[PDB]
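Chemist: Here it is, the structure, as structure tokens.
Because the Cβ atoms are built from the backbone with ideal geometry, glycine has one as well, and the counts that use them run over all protein chains shown. A short reminder: the numbers here are calculations on the coordinates, not readings from a lab.
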2 protein chains.
Amino acid sequence: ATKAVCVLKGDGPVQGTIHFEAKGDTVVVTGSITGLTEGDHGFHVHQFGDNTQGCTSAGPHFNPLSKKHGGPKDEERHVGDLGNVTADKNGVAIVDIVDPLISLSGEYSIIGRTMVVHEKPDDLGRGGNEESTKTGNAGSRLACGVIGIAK
Amino acid sequence: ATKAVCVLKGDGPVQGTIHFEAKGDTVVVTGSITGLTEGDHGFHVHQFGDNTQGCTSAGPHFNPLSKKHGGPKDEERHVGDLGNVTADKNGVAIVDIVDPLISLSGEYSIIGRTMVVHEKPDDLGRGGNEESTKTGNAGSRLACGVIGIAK
Ligand SMILES: [Cu+2]
Ligand SMILES: [Cu+2]
Ligand SMILES: [Zn+2]
Ligand SMILES: [Zn+2]
């Protein structure tokens, strides 16, 4: 598949629609998320597309290469590490990401997995603690959705 | 992936959790759906895992071999044609399906696609009108969910 989509939903006011398109050896991620507190929010692909227990059942950050957490620009990062999305004063974040590691096909495809937007900013593994190199201290999962094949 | 899961949600009271497991050379579908009217309800894999416009954006039945609609035991059927689930008087349908056309990896993969449960019975393509050859006259989509990779 060359296109994918994900509708984010949660137990709070946060919602959004994320679009994915394969371009060359990258995936262009677009869309928007609303209902967020002003500022940065961690944005990652989690391993399982399992919504049986809210966003908790999505598991850890997608990490097929068994690396530590990092920012999208780092060599040492989880495949699912897409950094931060930024919400304005009105709580709207416009997603504009081009990533070379996530894919929509092959062993490390994100189709069927989960997109999660977090409570706090992702410190990109530069927080000086063991949680920084695991989750980026992004906090709780505000909303998530299973990534599906799009027309 | 050898296991998948799908959480069904809609605008009404219908909900459910569907499990998929690759066993041997086939796929075993289990789970349950609640809030249904007593009797049969069409149950199919739809093409897109797109929930941007509710269950409508899931598109038509998954049909990579370009066939007409049928029952799961028919040669002429859509890959997504899993027939009917049956709800008891309490509105509970126990899903128990083994299917030879769907898969969880490759050309026939339903990962990233959508499961839909319908308002009415699926006539298995034998209704006699054009609609039967497309949807089995199963009618509206009561609940649906994107099929994700499970642990
Ligand atoms: Cu995350
Ligand atoms: Cu259907
Ligand atoms: Zn990570
Ligand atoms: Zn069909």
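Chemist: Any residue in the range B:40-59 that is more than 12 Å from every other protein chain (Cβ to nearest Cβ) sitting within a Cβ distance under 6 Å of a residue that is assigned to a loop (DSSP other than H, G, I, E, B) and not hydroxyl-bearing (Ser, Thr, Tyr)? List the pairs, counting only those 6 or more apart or interchain.
Modeler: Pairs found: B:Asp40/B:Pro121; B:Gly42/B:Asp122; B:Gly42/B:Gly136; B:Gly42/B:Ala138; B:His44/B:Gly80.
Chemist: Right, next: If you check every pair at least six apart or on different chains, which have Cβ atoms under 6 Å apart with a residue in the range B:124-151 that is free of Cβ contacts under 8 Å to residues at least 40 places away in the same chain first and a residue that is assigned to a loop (DSSP other than H, G, I, E, B) and within 12 Å of ligand 2 (Cβ to nearest atom) second?
Modeler: Correct list of pairs: B:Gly127/B:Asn137; B:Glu131/B:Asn137; B:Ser140/B:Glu119.
Chemist: Would you say B:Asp11 is under 24 Å from A:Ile18 (Cβ atoms) and among the charged types (D, E, K, R)?
Modeler: Yes: the conditions hold for B:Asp11.
Chemist: In the range A:65-115, what residues are of a type outside the set (A, V, I, L, M), away from chain B (no Cβ under 14 Å), surrounded by fewer than 19 Cβ atoms within 10 Å (Cβ to Cβ) and closer than 24 Å to B:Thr2 by Cα?
Modeler: A:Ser66, A:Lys67
Chemist: Whether any residue in the range B:41-49 is within 24 Å of A:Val146 (Cα to Cα) and of a type in the set (A, V, I, L, M) is what I want to check.
Modeler: yes
Chemist: Further, regarding this structure: Taking the condition of being in contact (Cβ under 8 Å) with a residue 40 or more places away in the chain and closer than 21 Å to A:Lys23 by Cα, how many residues in the range A:86-103 meet it?
Modeler: So the count comes out to 9.
Chemist: What are the residues in the range A:6-46 that are small (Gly, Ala, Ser) and assigned to a strand (DSSP E or B), if any?
Modeler: A:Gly16, A:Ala22, A:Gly31, A:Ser32, A:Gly39, A:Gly42
Chemist: Looking only at the range A:116-147, how many residues end up being away from chain B (no Cβ under 14 Å), more than 18 Å from A:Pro72 (Cβ to Cβ) and away from ligand 1 (no atom under 11 Å from the Cβ)?
Modeler: 4
Chemist: When the residues of the range B:27-62 are filtered to those that are among the aliphatic types (A, V, I, L, M) and within 14 Å of ligand 4 (Cβ to nearest atom), which remaining residue is farthest from B:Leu104 (Cα to Cα)?
Modeler: It comes out as B:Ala58.
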